[PDB]
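Enquirer: I would like to see how this sequence folds:
(2 chains)
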Amino acid sequence: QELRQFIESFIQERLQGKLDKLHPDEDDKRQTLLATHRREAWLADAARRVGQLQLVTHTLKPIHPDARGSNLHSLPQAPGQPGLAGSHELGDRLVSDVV
DNA sequence: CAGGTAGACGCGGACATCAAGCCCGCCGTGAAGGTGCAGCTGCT
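Expert: Numbers count the residues shown, from 1 in each chain, chains lettered A, B, ... in the order given. Pasting the structure now:
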């Protein structure tokens, strides 16, 4: 209704980027791409794809690139002791990651 | 078996200008990606 055209242009830019990247002109591969992108089967696939976690304070993959474990999105409390401090808890509001 | 005592060692003034400082061509490639799904053989 209001912002439907924005996400429609988003899927269309994705489709035209895929067509310019592949550039296959055999057996209607562009038609098989337009069969998925121009309809809302892309929205069903985007609803299907699960695995994102939105975790910032914990990311295990820097320790090893294949280390399946638990990732967390939780900031600690502020400590009581003076001097040392970490995890930027005062200001300059954070940006989150996706694992 | 032996071999010396003593006291002092100078001043002055000056130390140069000129002009320039090269061109050319080129700098290696190879290996260092997870994850999820479909489908194929082998087995009970």
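
Enquirer: Could you show which parts of chain A are in contact with DNA strand B?
Expert: By the rule Cβ under 7 Å from any atom of the strand, the part of chain A lying against DNA strand B is A:51, A:65-66, A:68. Where C-beta positions appear, they are placed from N, C-alpha and C, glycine not excepted.

Enquirer: switch to 10 Å and redo it
Expert: Counting by Cβ under 10 Å from any atom of the strand, the positions of chain A adjacent to DNA strand B are A:48-51, A:60-61, A:64-69, A:99.

Enquirer: quick one: residue A:17 and residue A:58, what's the gap?
Expert: 33 Å (Cβ to Cβ, to the nearest Å).

Enquirer: Of the two, which one has the most company?
Expert: residue A:58 (14 against 10; other Cβ atoms under 10 Å).

Enquirer: what's the residue nearest to that one when sequence neighbours are not counted in contact with, if anything?
Expert: Distance criterion Cβ to Cβ, 6 or more residues apart in numbering; nearest residue to residue A:58, sequence neighbours excluded, is residue A:72 at 3.8 Å. Residue A:72 makes contact with A:55, A:57-58, according to Cβ atoms under 8 Å, 6 or more residues apart in numbering.

Enquirer: Export those residues to JSON lines and append columns for distance to residue A:35.
Expert: Converted to JSON lines, the contacts of residue A:72 look like this (distance: Cβ to Cβ, whole Å):
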{"residue": "A:55", "distance to residue A:35": "35"}
{"residue": "A:57", "distance to residue A:35": "42"}
{"residue": "A:58", "distance to residue A:35": "40"}
